[PDB]
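Student: Below is a structure I'd like to ask you about.
Read-outs throughout are calculated quantities, based only on the coordinates presented, and are distinct from any laboratory measurement. Ideal geometry is used to build each Cβ from the backbone, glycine not excepted, and the neighbour counts take in all protein chains shown.
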Amino acid sequence: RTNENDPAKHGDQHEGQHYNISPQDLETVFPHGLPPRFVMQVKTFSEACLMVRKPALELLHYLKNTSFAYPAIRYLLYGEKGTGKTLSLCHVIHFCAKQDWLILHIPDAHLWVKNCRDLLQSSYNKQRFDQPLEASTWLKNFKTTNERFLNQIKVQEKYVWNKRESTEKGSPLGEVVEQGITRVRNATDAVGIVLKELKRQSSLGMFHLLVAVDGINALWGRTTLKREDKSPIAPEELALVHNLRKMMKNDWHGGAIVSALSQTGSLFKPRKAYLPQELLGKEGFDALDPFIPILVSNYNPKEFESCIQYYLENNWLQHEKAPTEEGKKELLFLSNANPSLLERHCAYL
Amino acid sequence: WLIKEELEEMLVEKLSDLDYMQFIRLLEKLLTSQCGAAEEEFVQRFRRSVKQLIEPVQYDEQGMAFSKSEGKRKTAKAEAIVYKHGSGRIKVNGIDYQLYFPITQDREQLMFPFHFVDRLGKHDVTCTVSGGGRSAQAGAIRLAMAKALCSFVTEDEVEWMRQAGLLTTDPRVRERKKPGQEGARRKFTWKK
Ligand SMILES: Nc1ncnc2c1ncn2[C@@H]1O[C@H](COP(=O)(O)OP(=O)(O)OP(=O)(O)O)[C@@H](O)[C@H]1O
Ligand SMILES: Nc1nc2c(ncn2[C@@H]2O[C@H](COP(=O)(O)OP(=O)(O)O)[C@@H](O)[C@H]2O)c(=O)[nH]1
Ligand SMILES: [Mg+2]
């Protein structure tokens, strides 16, 4: 594994080499958004080693060479199912967190467009619907992630939560975050206000802002939610989706936008869809256009060997014949170097 | 030994199985008696005379070597082109195997021949399959790939593959439903 655990200093020489993430960093940075299987692996091994891969290295280099004066650049982690797109986004997130950016991290947009039972028409705007449970759940993890930067932000308007309760210009954004977290009915409006304030303050220069959205295609893919009349609800009618589209719009600077495509959890998209237009539809492609796609593919031989060595070091591959080169080749064939399939295979060996 | 029918044809006489057995036992005794050439040629009047085939290697546009084969399983039919060199990459209908066969069982079925002959990663393959389900297609592709690989592996390896069953077309197919019964063999619940 790498002796260089710094997210910013590790470079091409560390390709296919591991990279540790301390439990304190995990608690402070990833209350959400880690793949469930990787979370389970972390809990099992008491470690959070991520392999330094070429896509993550390239995206890190782009972010380092960015110029905050220009409007926020949109990068799109892209590729096949279970190739490490989400973990590459997590790597970039950890890098920026250690670089002291405000990380507006959406762990999975797909969760916001299905299964919601608390869906209600938004009081602030009857045209749109609110998702109080999801809003509060995201807000809690967002506060946990970026509490230190939260106090510094000065809100620029007066936001009324009722005819009697409001938050005033010059107040910390922590006030709005706490209001949304506590008063569940106002969580969606709090999330919208937070997105607005972060987007504008990044341009003002108050702080560097990294928007990091997984499953970005959900912002334009059809939703499975229904009205009271059993009628389908378009994605924009959700307040969270509307505000996140506004955030994705590149009409701001002082930050960068990184989105990761994900067929998993997507609605009305075939399994073998991994191209950007195919996953995003034409609407989403034009919305995110222009953007820089970053491909993530199956492990190269060195990455495969490094991952196998990590598993052997942890003794995860308890199978007697797993260490043998025959077992190594069997795993390589069965997973075809796909990290997700290889992890699932090694899960029961 | 000529069957009783052949003996009857030769003797223009009807015979019983017991008579034929007696005659055959006498002939066996004659042969075992360490007889001469005249007796052996006389016995020849009554004596009656009773491996996998390898496809030919071909060369592509670049001249690189390959072999072609076909196989069938259930309703599935597949045709496989196995090249002499590669990184174990198998493209089914132009789709990589890991994406065409999400089922680890079918991926194992694809793996089986190369693993048997110790050639994991030593060849690339392009296969086209149709009909049948996922498992039928996997079996058909396995059979086609094994038959093609016979073009490269040694004869000992080919015989070992046959003995392992990689080169036998599985005759097991669906059995027609018969009238008056639920399925191929499931009779209706006997009423009382
Ligand atoms: N860079 C990496 N370092 C460590 N593990 C990785 C890496 N990339 C993938 N993995 C492994 O694969 C899984 C992570 O894959 P990930 O969740 O990113 O999939 P994805 O392809 O981006 O998209 P999806 O699976 O949602 O289609 C985990 O089990 C993890 O162990
Ligand atoms: N309840 C409430 N929500 C607000 C307020 N200001 C902004 N928001 C949130 O942000 C949204 C308004 O965003 P804005 O940039 O004004 O554009 P709009 O969404 O098109 O009206 C609302 O729908 C809320 O989600 C406010 O004063 N009260
Ligand atoms: Mg993923």
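Student: Run the simple label-point estimate for A:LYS282 and A:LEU295 please: 7 Å along Cα→C-beta, distance reported in nm.
Tutor: My value for the distance between the label points is 2.6 nm.
Student: Hey, could you pull the Cα Rg and Dmax for the protein assembly as shown, both in Å?
Tutor: When restricted to Cα atoms, the protein assembly as shown yields Rg and Dmax of 34.2, 126 Å.
Student: Neighbouring Cβ atoms within 10 Å as the yardstick, rank B:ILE81, B:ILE141 fewest first.
Tutor: If I rank by nearby Cβ atoms, fewest first, I get B:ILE81, B:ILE141.
Student: Gaussian network model of chain A, Cα springs within a sub-10 Å range: biggest mean-square fluctuation belongs to which of A:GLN24, A:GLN156, A:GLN179?
Tutor: Among A:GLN24, A:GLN156, A:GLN179, the largest GNM mean-square fluctuation belongs to A:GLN24.
Student: Quick check: the distance between the Cα centres of the stretch A:186-203 and the stretch A:94-172, to the nearest angstrom?
Tutor: Taking the Cα centre of each part, the stretch A:186-203 and the stretch A:94-172 sit 6 Å apart.
Student: While we're looking at this one, here's another question. Straight distance only, please: which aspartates and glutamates reach the Cα of A:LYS154 with their own Cα at less than 14 Å, same-chain residues fewer than 8 apart left out?
Tutor: A:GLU168, A:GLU175, A:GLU197
Student: Provide, for q = 0.14, 0.17, 0.18, 0.25 Å⁻¹, the log10 of I(q)/I(0) from a solvent-free Debye sum over equal Cα point scatterers in the stretch A:87-183.
Tutor: The calculated log intensity ratios at q = 0.14, 0.17, 0.18, 0.25 Å⁻¹ are -0.66, -0.94, -1.02, -1.33.
Student: Return the FRET efficiency for the residue pair A:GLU313, A:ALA273: r is the Cβ-Cβ distance, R0 is 41 Å, and the value is rounded to the nearest 0.05.
Tutor: Computed FRET efficiency for A:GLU313 and A:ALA273 comes out at 0.70.
Student: Another question, if that's okay. When the label point is put 7 Å from the Cα of A:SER46 along its Cα-to-beta-carbon vector, which residues of the stretch A:306-349 have a backbone N closer than 20 Å?
Tutor: A:310-318
Student: With r as the distance between the Cβ atoms of A:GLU4 and A:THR324 and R0 = 45 Å, compute the FRET efficiency 1/(1 + (r/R0)^6) and round to 0.05.
Tutor: 0.90
Student: Let me ask you something else. If you place +1 on the Cβ of every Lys and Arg and -1 on the Cβ of every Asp and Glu, how big does the dipole about the Cα centre of the stretch B:94-183 come out, in debye to the nearest 20? Show your work: numbers first, answer last.
Tutor: Numbers: 12 positive and 12 negative charges, 107 e Å.
In debye, rounded to 20, the stretch B:94-183 gives about 520.
Student: Apply the a/c threshold of 1.5 to the C-alpha gyration tensor of the stretch A:1-107 and tell me whether it is rounded, prolate or oblate.
Tutor: It is rounded, given that a/c, with a ≥ b ≥ c, falls under 1.5.
Student: Please find, in a Gaussian network model of chain A (springs between Cα atoms separated by less than 10 Å), the residue of A:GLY79, A:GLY221, A:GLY327 whose mean-square fluctuation is greatest.
Tutor: Fluctuation is largest for A:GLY327.
Student: Set the Förster radius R0 to 41 Å, insert the Cβ-Cβ distance between B:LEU15 and B:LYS51 as r into 1/(1 + (r/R0)^6), and round the FRET efficiency to 0.05.
Tutor: Values: r = 37 Å, r/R0 = 0.91.
With a Förster radius of 41 Å, E is 0.65.
Student: Quick one: if you stick a label point 7 Å off each Cα along the C-beta vector at A:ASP25 and A:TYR348, how many nm between them?
Tutor: About 3.4 nm, to one decimal.
Student: Here's something else I'd like to know. Loop only by DSSP, 10 or fewer other Cβ within 10 Å of the Cβ. Give me the GluC sites (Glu not before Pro) in the stretch B:1-41 that pass, ordered by residue number. Please report the intermediate quantities before stating the final value.
Tutor: Details: sites: B:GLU5, B:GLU6, B:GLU8, B:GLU9, B:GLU13, B:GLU28, B:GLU39, B:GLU40, B:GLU41; in loops: B:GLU13.
Qualifying residues, ordered by number: B:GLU13.
Student: Ranked highest first by the average count of other Cβ atoms within 10 Å around their residues, in what order do A:201-211, B:164-174, B:54-64 fall?
Tutor: A:201-211, B:164-174, B:54-64
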